[PDB]
Amino acid sequence: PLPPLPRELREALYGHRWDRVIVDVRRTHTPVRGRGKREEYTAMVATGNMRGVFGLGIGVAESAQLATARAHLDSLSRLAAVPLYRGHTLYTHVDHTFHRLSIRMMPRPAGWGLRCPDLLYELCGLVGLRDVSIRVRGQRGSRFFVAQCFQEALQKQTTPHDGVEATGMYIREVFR
Amino acid sequence: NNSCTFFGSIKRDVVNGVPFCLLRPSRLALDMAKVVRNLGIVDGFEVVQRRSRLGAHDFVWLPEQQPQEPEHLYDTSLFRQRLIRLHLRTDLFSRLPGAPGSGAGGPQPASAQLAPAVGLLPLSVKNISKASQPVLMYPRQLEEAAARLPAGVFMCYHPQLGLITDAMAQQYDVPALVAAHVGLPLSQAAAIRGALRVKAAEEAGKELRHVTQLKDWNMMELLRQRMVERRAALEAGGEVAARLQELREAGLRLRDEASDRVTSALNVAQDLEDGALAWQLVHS
Amino acid sequence: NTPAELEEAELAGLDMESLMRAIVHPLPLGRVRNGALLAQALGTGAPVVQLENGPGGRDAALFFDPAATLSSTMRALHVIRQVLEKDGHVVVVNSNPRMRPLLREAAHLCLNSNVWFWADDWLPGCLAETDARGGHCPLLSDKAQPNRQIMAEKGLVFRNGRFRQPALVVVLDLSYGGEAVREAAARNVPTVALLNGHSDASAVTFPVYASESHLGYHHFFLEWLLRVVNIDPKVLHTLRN
Amino acid sequence: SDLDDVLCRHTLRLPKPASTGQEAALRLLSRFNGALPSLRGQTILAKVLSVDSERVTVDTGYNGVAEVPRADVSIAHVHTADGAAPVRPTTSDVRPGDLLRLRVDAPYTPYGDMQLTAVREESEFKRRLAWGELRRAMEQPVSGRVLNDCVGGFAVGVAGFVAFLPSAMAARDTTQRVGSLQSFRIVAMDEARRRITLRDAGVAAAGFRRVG
Amino acid sequence: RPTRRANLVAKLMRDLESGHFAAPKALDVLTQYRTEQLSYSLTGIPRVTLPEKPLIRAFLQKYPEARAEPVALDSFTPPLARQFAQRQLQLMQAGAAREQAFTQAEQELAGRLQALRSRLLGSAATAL
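Residue numbers (my numbering), protein chains in the order written: chain A, 1188 to 1363; chain B, 46 to 329; chain C, 12 to 252; chain D, 37 to 248; chain E, 49 to 176.
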């Protein structure tokens, strides 16, 4: 089989910096009419550029290298952009729930460090979150749902630069 | 009970996609609906009545002949089984040319805005006071729990100021009986606290009950006036012509050097093709 | 009433009855109704006048709206004009078989090279563009532009880019073209559609409050669509003057 | 007549479960026309677009395009606006561009369209005919074939409908000419019970009082 | 099991601000002209009930030939039953009661009724 790569993505791999993280690789099972038990390796690859554009890719195949390569290229096909404060923290408090998992995410002032669970440490270093305290609640037994949940939870927040043109009201003085 | 009923119905129809919010009205529901229309959390409200069970002649709400905005319970409990229909602010603009029922007078913002398809911006409003447990948040604690929850403006009570936000609760440094917490764009909550700092600059040193309370002051119409006079002063700017003309001179420099580089490259191609022509002429 | 008298003077010189032959526009249909037009501040349009004679007296009918549909219709035609003259590509798709010969008439009477037409079934994965078709069957074919082949066979175009991928798909049948709106949303292509009251139209970018129920609306919509696409405005300026 | 109709629309626009603002031009432009207030069974002026061998393409303007079998279509339904059936050399040369007289049986099918068939059901022509003539007794005879005799009268098959003439309004010689066609006159029908009452046109309509 | 939400301009926006890539080409279209996504719910089933129903029920009960006009649906010229009901209703809001209005409507529009019954008898002789 052959995985796809476009033309205009080939200004980006020559463009931004990039890092790659496999989320988890999982072996599923199916007993099938005719020959027996067919398995697929499902692989989940995250890819960011450490400046606030994040990507996820889920891939399914028969063997582990081909599965991780498919999810590797699927993530690099699928990128979404996430606003940060100066590349280290998120704008608001963030709460979200994918499948039924209660993530709770807070901003922290820069130089707090990442106080953060296992895979989400590489995830926040991937997209570029240097200073965030998180906790995940509910059944945390799946890596895939915390990855997808984290992508949507990043996409939830609100940006202040879409106001100053049209609110008549200037937005500055960040002194605590 | 009416505050939690109001904010509960907001939470109801935001998570249910209904863009109209209809309450059993009171003094609180009317006044704080004027508050959230003034800050622009919604775009407007009207009293409505379930007109199918009006009588042969009850009193009936004429919107045109009545003045546009009621301001007391007794005028809104004269009739039989009213409701107050909030016109929820769907996108990141109020549609003053729409004027969704009641709203700001005069349909003129200066520049037209984006046309976003966002659903209903009061997002996951949380009643943090609670009819069993009232909570005072002494204002530094109110700040430190404001970062506990996402972006938006607390609705608070104080006896000398009435139905207030967290912003004038902090800048007048009084404890405030906080009611709930609306979700909001960060730019909006920025605009509320900026304009309330400007209000405290106008209302400086006045006695606290003599403060123009938050129902009495429509924020969006005032900011619309600032926008209108600002675009008026800049259009009738002058130095704006010199600013534009030096922009024109920069652009003219860019396209003059671009055209001269074009003539140079075309002369290069003409000369080298003539050179190949003359060289094939010589070697033949 | 200076505004009312001025509006009457503005409305004095036109055939209002033809516009109100198309836009009076009765019911889309009456069956399992979808999450249809809500009574709101942005295109309310919802009088369900049941109008039947005793099948429960309420079985088959739906909404109407004159002003909104005329406003949305002129709005969508201005939208077609801007995306056209900004050098994009406009696709017109309706897979309802009954109105197909009118689309063939439009496909033969068109003049601008960027308006494209499709009349057959919507294939699965048209806007997926997964395998490189260089654009799918609604894109760049002689079927898409039948006029381009004949206008070049005559050889005279009314005369004084590359990468053919769609820019704005307009949909004139939601019922048999629901996947077209969904696939255009997946390709991030804005859409213009007519509301039918059955399909999920939650992915329409620019809704037009018609209901695929009128040859008269189709004549009105396609007639203004052709009279704005065929002729450049300076020619109208020279034609009037 | 305009202003009173508009104020009637606005007065009935009151007492509705919403405030219903900015929806009264909707009813104004409804009231001029755009839909007729009762639909099922009502005949229309429809426009033929194209005719095939079997299925004819006729406008509705209400759910798009109608479909009628051509073997039901005659020149009788071609509603000219002048009062005459059109002078055409053949009897089914329905040229597209004429106005056609067809009845909506339903406004919507399971299959995307309406029925909209003037079926040329001649029995339904006699149904509308004789129901209108029951009304038109207050404001020319109808042919029938007599078939068999029984108690109280004779059995008449009138125009596809079998009736039974009573003894009081019967002629005498209809006993001795059973089997031939002759004209009769309608009296009334009982639609709840399917009994049709006739008389001989030579028998004078002595007043049967309307027992209701 | 996620939930349907806003569409395409909030979905383009948080990519398009950062310089992800250039937009789908219709951005000027997407910004200069106001939309509405079908924010789909039920604020109330507006079954706004026609006032002409009792008059047309009575007139179709009394003259059933008023089911049998040919009528142009697509031109908004009214039919004969509508001038019946509108004449009765404009006599209603004039101040009289319903039955006297029904009698005056019987006098003032019967002429087209005998014209129509002559036309229907002509069509009857045409069909038979």
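All residues carry an ideal CB built from backbone N, CA and C; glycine is no exception.
- Taking one beta carbon from each stretch, the stretch 268-283 of chain B and the stretch 161-169 of chain B have fewer than 3 pairs nearer than 8 Å; the two do not touch.
- Sequence-distant partners of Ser-110(D) (beyond 5 residues in either direction) whose C-beta falls short of 8 Å from its own C-beta, in its chain, are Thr-127, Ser-128 and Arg-156.
- Excluding sequence positions up to five before and after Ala-197(C), its CB lies within less than 7 Å of the CB of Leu-138, all in the same chain and listed in chain order.
- Contact between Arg-96(B) and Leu-50(D) is confirmed by a C-beta separation of about 7 Å, below the 8 Å threshold.
- An exposed status is given to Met-27(C), since fewer than 16 other beta-carbon atoms sit within 10 Å of its beta-carbon.
- For the 8 Å CB-CB criterion, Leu-137(B) and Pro-154(B) do not form a contact.
- DSSP places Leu-73(B) within a helical segment (H, G or I) once states are collapsed to three.
- Between the C-alpha atoms of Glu-234(C) and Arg-137(D) there is a straight-line separation of about 28 Å.
- The beta carbon of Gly-89(B) sits no closer than 8 Å to any beta carbon of chain A.
- In the structure shown, the three-state DSSP call for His-229(C) is helix.
- In terms of Cβ geometry, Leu-48(C) and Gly-56(C) form a close pair [threshold 8 Å].
- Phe-220(D) sits away from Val-247(D), with the two beta carbons spaced by 8 Å or more.
- Interface flag for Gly-148(B) against chain A is unset, since no Cβ pair is found closer than 8 Å.
- When Cβ-Cβ separations below 8 Å define contact, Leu-1277(A) makes no contact with chain E.
- In this structure, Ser-186(C) lies near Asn-107(C), with their beta-carbon atoms less than 8 Å apart.
- Shown here for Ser-156(B): not one same chain residue has a beta carbon closer than 7 Å to its own, the five before and five after excluded.
- Think of a sphere of 8 Å around the beta carbon of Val-101(D): the chain C residues whose beta carbon falls inside it are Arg-109, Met-110 and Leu-226, in chain order.
- Considered as a whole, the stretch 117-202 of chain D harbours 135-139, 178-186, 189-194 and 197-201 as its complete beta strand (DSSP E) runs of no fewer than 3 residues, in chain order.
- In the same chain as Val-256(B), and ignoring 5 residues on each side of it, the C-beta atoms closer than 7 Å to its own belong to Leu-206 and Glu-248, in chain order.
- Of the other Cβ atoms in all chains shown, fewer than 16 fall within 10 Å of the Cβ of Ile-161(C); this residue is therefore exposed.
- Membership of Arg-1213(A) in the beta strand (DSSP E) is indicated by the continuous run 1206-1219.
- Residue pairing of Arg-269(B) in beta bridges, as defined by DSSP: absent, with no partner found.
- Under the 8 Å criterion on CB atoms, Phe-217(C) is classed as interfacial with respect to chain E.
- Among the CB atoms of chain A, one or more fall inside 8 Å of the CB of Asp-63(E).
- The C-alpha of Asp-211(B) is placed about 41 Å away from the C-alpha of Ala-212(C).
- A straight-line Cα-Cα distance of about 12 Å links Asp-131(C) and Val-103(C).
- The beta carbon of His-119(C) is closer than 8 Å to those of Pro-157, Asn-158 and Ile-161 in its chain, skipping five residues each way along the sequence.
- Annotated three-state conformation of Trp-106(B) is coil, per DSSP.
- The shortest CA-to-CA distance from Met-1293(A) to any of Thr-1354(A), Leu-1301(A), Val-1281(A) and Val-1232(A) is the one to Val-1281(A).
- Across the structure, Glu-190(C) and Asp-184(C) are spaced so that their CA atoms are roughly 11 Å apart.
- Under the 8 Å criterion on CB atoms, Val-81(B) is classed as non-interfacial with respect to chain D.
- Nearest to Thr-51(E) by C-alpha distance, out of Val-1351(A), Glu-1339(A), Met-1356(A) and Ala-1233(A), is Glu-1339(A).
- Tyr-217(B) and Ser-1289(A) have their C-alpha atoms some 37 Å from each other.
- Within the stretch 88-99 of chain E, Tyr-88, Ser-89, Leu-90, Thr-91, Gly-92, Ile-93, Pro-94, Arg-95, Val-96, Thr-97 and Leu-98 place their CB atoms closer than 8 Å to a CB of chain C, listed in sequence order.
- Think of a sphere of 8 Å around the beta carbon of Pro-51(D): no beta carbon from chain C falls inside it, the nearest being about 15 Å out.
- With at least 16 other beta carbons inside 10 angstroms of its own, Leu-1243(A) counts as buried.
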